[PDB]
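Please treat every number below as a calculation from the coordinates, not as lab data. Counting neighbours? That spans all protein chains shown, and the Cβs are built from the backbone with ideal geometry, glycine included.
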Number of protein chains: 4
Amino acid sequence: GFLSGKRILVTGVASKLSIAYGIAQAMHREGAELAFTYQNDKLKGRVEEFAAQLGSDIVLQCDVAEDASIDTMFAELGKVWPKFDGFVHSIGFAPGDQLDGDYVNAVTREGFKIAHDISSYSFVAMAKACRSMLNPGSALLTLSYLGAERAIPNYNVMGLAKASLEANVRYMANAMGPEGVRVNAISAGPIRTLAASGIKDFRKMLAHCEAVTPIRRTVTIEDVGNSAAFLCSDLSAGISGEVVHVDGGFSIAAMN
Amino acid sequence: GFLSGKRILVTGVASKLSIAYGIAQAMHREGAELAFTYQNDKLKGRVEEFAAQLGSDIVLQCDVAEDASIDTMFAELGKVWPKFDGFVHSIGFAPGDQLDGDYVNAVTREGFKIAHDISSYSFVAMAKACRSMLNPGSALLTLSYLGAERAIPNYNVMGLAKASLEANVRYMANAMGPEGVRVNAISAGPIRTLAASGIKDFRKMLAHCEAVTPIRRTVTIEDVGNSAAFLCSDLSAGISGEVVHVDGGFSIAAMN
Amino acid sequence: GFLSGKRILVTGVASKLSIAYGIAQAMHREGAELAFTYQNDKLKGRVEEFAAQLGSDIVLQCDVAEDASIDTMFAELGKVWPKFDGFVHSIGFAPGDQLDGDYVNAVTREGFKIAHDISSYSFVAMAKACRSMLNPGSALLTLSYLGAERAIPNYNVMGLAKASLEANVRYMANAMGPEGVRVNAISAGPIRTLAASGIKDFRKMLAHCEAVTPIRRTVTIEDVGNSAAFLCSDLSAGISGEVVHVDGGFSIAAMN
Amino acid sequence: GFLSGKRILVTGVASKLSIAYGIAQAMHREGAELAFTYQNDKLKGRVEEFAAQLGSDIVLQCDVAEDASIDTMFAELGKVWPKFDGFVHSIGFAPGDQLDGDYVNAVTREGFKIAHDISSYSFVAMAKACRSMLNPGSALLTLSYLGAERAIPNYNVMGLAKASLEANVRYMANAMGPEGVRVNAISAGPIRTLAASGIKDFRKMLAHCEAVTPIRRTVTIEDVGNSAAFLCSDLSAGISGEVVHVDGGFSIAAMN
Ligand SMILES: NC(=O)c1ccc[n+]([C@@H]2O[C@H](COP(=O)([O-])OP(=O)(O)OC[C@H]3O[C@@H](n4cnc5c(N)ncnc54)[C@H](O)[C@@H]3O)[C@@H](O)[C@H]2O)c1
Ligand SMILES: NC(=O)c1ccc[n+]([C@@H]2O[C@H](COP(=O)([O-])OP(=O)(O)OC[C@H]3O[C@@H](n4cnc5c(N)ncnc54)[C@H](O)[C@@H]3O)[C@@H](O)[C@H]2O)c1
Ligand SMILES: NC(=O)c1ccc[n+]([C@@H]2O[C@H](COP(=O)([O-])OP(=O)(O)OC[C@H]3O[C@@H](n4cnc5c(N)ncnc54)[C@H](O)[C@@H]3O)[C@@H](O)[C@H]2O)c1
Ligand SMILES: NC(=O)c1ccc[n+]([C@@H]2O[C@H](COP(=O)([O-])OP(=O)(O)OC[C@H]3O[C@@H](n4cnc5c(N)ncnc54)[C@H](O)[C@@H]3O)[C@@H](O)[C@H]2O)c1
Ligand SMILES: Oc1cc(Cl)ccc1Oc1ccc(Cl)cc1Cl
Ligand SMILES: Oc1cc(Cl)ccc1Oc1ccc(Cl)cc1Cl
Ligand SMILES: Oc1cc(Cl)ccc1Oc1ccc(Cl)cc1Cl
Ligand SMILES: Oc1cc(Cl)ccc1Oc1ccc(Cl)cc1Cl
């Protein structure tokens, strides 16, 4: 595969519907060796089953709200992977109250704090912690959403965290590029996942996109995963700091 | 002038070089009634002097890091301006350690938290706090920098904070527009100010910019203040959720 | 007013609904001296009436499809305004066949040629033709549409023409800035005008926009003219090579 | 390869340094069947040698300035490829005089005409002519440059043609998407090619980029070709109307 000889760490696999899950499959189909992290014990065993299917016995607990957790995970990771080639950051979070109705009324200081910390900061946090274990030709990838670029109803403060994140991709890419590390983001169209269910009228959001999207269908985790495998492979060597839209063309069309 | 009948609240006047200062002067020259806030005790009397000069005797304290301070300032404001027509948010802050050398190495969880809290959240926190005192036709304004859109050396996490901020403008503009409130931002080119001194080799920025800028000069606080008065007056009724670049054209040129 | 002492040349007044008309009115309300051009004989007397009303008796013919017409208009202009302070380019055209149904099927080599020639080239052709009559502090302005940035149904090749136009603003701003000339564009939201009637289901555009627009209303020629007066006055000294959106916020929102 | 079972037509191979050449290699390495066009007889035999190496005996003359030439080529193409899966548009042109010094002085009506016609229109022209021979899952790709987004010295009118083109990708993608056709663009960093030699100080342009680019090197046709193979493969199914930057990160960095 085009990822043969690559060791990539994959975050965010909550279930078989997760973008991370679809991403690991594409990467594994492409010859990459994978390592998975699980946020907690509620998720532990599940992630272990998926690791096994993708031929990996590296499943480490990691909660990006904690520096020491990121730190410990990388330590256990180095035991098998002293040096690796990148990671996939598929982690996003905002307190439930943050996501519905008028943004100005919903947003609070803490919610803003948590949303930016978990969705934006965690990306660089993970980079700091493993920066020295990365081989040249490494690539990091995170997942963003159009709410970063446009004011989308109910997405509220998550739109700001995503905007922060995209700026992170640029700052990381400019800082880590000179040492052989690329950093990019896939701006994915809406996909029904556990987290998606936290946004009001997601079902109508999906149907809308399916209708107004040039390709005339919503994207799949297979679609996203394929772009992800590419962005983390040497095939995308000339791309860094880029936010690739994998939404079928939705954001470029208008009043369809 | 074109702001006659407008009562505007101006924040961030730390000195006669402050962008907020240059903005207050233009808004005063165009007929507006102003109210000033000062962050702390160190700045108080300085702000009172300028206020007096701009014919205002409404100088209230406000530390945007504290909700209670934001809430009290508006209660105090209500006593004189039960209803007013918008405010200028000219506040920014990132801990000193954050602003120099490699981004990834420089950034920390608290620096990120703080940079975002003071540079981005505070904007919406203020809007929430006075949402009901705003008259139809009200305009809210904030100041951003190109760091939001491009990875600029040393600007580091402040670029991420601005990215979040510009997103905020869009989400606030979308949320408040329905009740008669516009929200926009001026993306100002570099200007030597108190806070400007906190970035490495700023002197070279200013000169680099002066040379590669289409208008061939760096912008002024007079420049920025005229655009801000415009953006907080009825002259800009057709504009909302916009980040206008008052950088003399610097960002649209390349390899000049 | 803020344009007192400014002599501006206004193009594209086809009627009292014309954006150029609403612009001329604001520029006149702010103290500017205007000069008007009319495309042909059919429009001549109409333009003379408005001119007279806006206190001007300088009405010259100008078909931007002909260099010689552009050259003669300026020679005639020189006789009264040897030097002036900029002009408003409010001219757009694509053959009728170009504007409806599927883009690819609708577009032809000549329609493309024409749409670009009249909607984009003409802007720089006029600047070339008067480059030496422009005083320092001069401003050039043009009008664009969101079609440049997003694929909008039926707008077809005109969107490509606008894309070329917005690029022109940037290249002209960069080239002329050094001699004291700023060049910008207003990206106006839909407004019912003579040319507006040439697009399919425009009535539904206007209503769709009125509903999904942050300010909850479509912009007016008054709205656009105040932003244009601002952009052609010294109030916008810090702005050049910029495409300001006077669409009430429509483009920054999504799935409203 | 990931392009196995794909028949792609490749335009623009002038020499072994051509972006098209590097693109065909990547596509051929990935299992795709290719067909090549040559603009003229000066180029004919050369393109035939490259076709042979890439295992293709389909080399058709095509000059995109002529509808009948595009038309005839597709007719001869259908003889072997009744239906195919897409094409690579790597064609750009502007009269020599257009490319040096002050844009406003260099640009002329004809130069603008030719530059837009050959660099922008030809893309859709080719799409019109073959629209019905495309299988579902087809993808078209064109090559753009940052001069479309920023005013780059000496690029002059080519920057406008590229802006027109990028708008074309969006219009094409929105029109052809519903029938199973994606349209995208690679915005390539500077690469020394025959055409490149038409831009003043290209050598200094290259060195600059190599220094200020996050990856710290200029891109290669291998880099571009790899992204091209991906954008024309089912791997990029969720991407359409996108302008992917393959420039190492140059456009996202600032004042490096
Ligand atoms: N699904 C969509 O429609 C969509 C579209 C664009 C982008 N995204 C992004 O893709 C990523 C994956 O989202 P998803 O939709 O697949 O949902 P998901 O629920 O499958 O995955 C969310 C993941 O984030 C993890 N996470 C959150 N907080 C954590 C923490 N504190 N520490 C460690 N892990 C934590 C959860 O365990 C989970 O594995 C998110 O960034 C999301 O914003 C989603
Ligand atoms: N100066 C530049 O070149 C430039 C360019 C682009 C953007 N900006 C932005 O303009 C705004 C004003 O900054 P400036 O350059 O005029 O500098 P300045 O130092 O004169 O003012 C910044 C203001 O921030 C206030 N502030 C800091 N923390 C705050 C808090 N906790 N509570 C209340 N107020 C707070 C300070 O009192 C100060 O008045 C900032 O957002 C800045 O990022 C400046
Ligand atoms: N009306 C809208 O909703 C809207 C929105 C965005 C952009 N625009 C732009 O505003 C500008 C003015 O158009 P409008 O909507 O006011 O319509 P309008 O029909 O009132 O005016 C367009 C003008 O184009 C002039 N024109 C056409 N070909 C020209 C030529 N060959 N020589 C000289 N002049 C030429 C006509 O005389 C006419 O005055 C156009 O660029 C248009 O694309 C309009
Ligand atoms: N090389 C770079 O630095 C760079 C960067 C970004 C984008 N691009 C684009 O890539 C494409 C390929 O450029 P290149 O740099 O490889 O140069 P090149 O000289 O190898 O290729 C240019 C091709 O366009 C063809 N062409 C031009 N007019 C033609 C016509 N009338 N009909 C048919 N074919 C014609 C020429 O035969 C040639 O094959 C162009 O669009 C160029 O703008 C180049
Ligand atoms: O960002 C997303 C965008 C869409 Cl359309 C759907 C799901 C998304 O993902 C999230 C949304 C809200 C929270 Cl709290 C956490 C996550 Cl992971
Ligand atoms: O944002 C700015 C951009 C420039 Cl070019 C100059 C000064 C700026 O203002 C700040 C920079 C850093 C911090 Cl800590 C706080 C502020 Cl207010
Ligand atoms: O650009 C426009 C955009 C909108 Cl929404 C409405 C009218 C416009 O104006 C034009 C549209 C088509 C052609 Cl043929 C010429 C012009 Cl002047
Ligand atoms: O677009 C380009 C951009 C760069 Cl940096 C280098 C070469 C380019 O390609 C061209 C430039 C000018 C002409 Cl007339 C034709 C072509 Cl193909």
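The listed residues are C:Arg216, C:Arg182, C:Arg192, and the only one of them that is in contact with a strand residue (DSSP E or B) (Cβ under 7 Å, 6 or more places away or on another chain), among the basic types (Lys, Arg) and either closer than 30 Å to C:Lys6 by Cα or away from ligand 5 (no atom under 16 Å from the Cβ) (or both) turns out to be C:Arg182. The set of residues in region A:41-72 being under 18 Å from A:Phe93 (Cα atoms) and more than 16 Å from ligand 5 (Cβ to nearest atom) consists of A:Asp41, A:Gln61, A:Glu66, A:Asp67, A:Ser69, A:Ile70.
When restricted to residues that are among the hydroxyl-bearing types (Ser, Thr, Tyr) and more than 30 Å from A:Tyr103 (Cα to Cα), region C:199-226 contains 0. Between B:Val183, B:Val124, B:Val169, the distinction of being under 15 Å from the mean Cα position of the chain (by Cα), in a strand (DSSP E or B) and under 25 Å from A:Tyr145 (Cβ atoms) belongs to B:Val183 only.
Would region B:86-108 turn up any residue that is in contact with a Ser or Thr (Cβ under 8 Å, 6 or more places away or on another chain) and farther than 30 Å from B:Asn156 by Cβ? Yes, region B:86-108 has at least one match.
The residue pairs whose first member lies in region B:113-135 and is away from ligand 2 (no atom under 14 Å from the Cβ), whose second member is in a loop (DSSP other than H, G, I, E, B), and whose beta carbons are closer than 6 Å, counting only pairs six or more residues apart or on different chains, are B:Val124/A:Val107; B:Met133/B:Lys83; B:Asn135/B:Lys83; B:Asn135/B:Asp85. In the set D:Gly1, D:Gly45, D:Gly55, only one residue is more than 16 Å from D:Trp81 (Cβ to Cβ) and more than 15 Å from ligand 4 (Cβ to nearest atom); that residue is D:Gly1. Selection within region D:233-254: residues that are farther than 21 Å from D:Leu165 by Cα and in contact with a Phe, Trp or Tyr (Cβ under 9 Å, 6 or more places away or on another chain). The member of this set that is surrounded by the fewest Cβ atoms within 10 Å (Cβ to Cβ) is D:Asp234. Applying a threshold of 7 Å to beta carbon distances and a minimum spacing of six or more residues, or different chains, the list of pairs starting in region A:72-94 at a residue that is under 12 Å from A:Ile58 (Cα atoms) and ending at one that is of a type in the set (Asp, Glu) is empty.
Counting only residues that are closer than 17 Å to D:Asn184 by Cβ, outside any loop (DSSP other than H, G, I, E, B) and more than 7 Å from chain A (Cβ to nearest Cβ), region D:209-250 holds 6 of them. Taking the numbered list (1) away from chain C (no Cβ under 14 Å); (2) more than 30 Å from B:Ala254 (Cβ to Cβ); (3) polar (S, T, N, Q); (4) within 16 Å of ligand 4 (Cβ to nearest atom) in turn, D:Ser69 passes all entries but (1). Does region A:171-181 contain any residue that is under 30 Å from D:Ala211 (Cβ atoms), more than 7 Å from every other protein chain (Cβ to nearest Cβ) and touching a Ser or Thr at 6+ places or on another chain (Cβ under 8 Å)? Yes, there is a match, as at least one residue in region A:171-181 is under 30 Å from D:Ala211 (Cβ atoms), more than 7 Å from every other protein chain (Cβ to nearest Cβ) and touching a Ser or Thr at 6+ places or on another chain (Cβ under 8 Å). Looking at A:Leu141, A:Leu165, A:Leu134, just one residue is within 12 Å of ligand 5 (Cβ to nearest atom) and more than 7 Å from every other protein chain (Cβ to nearest Cβ), and that residue is A:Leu165.
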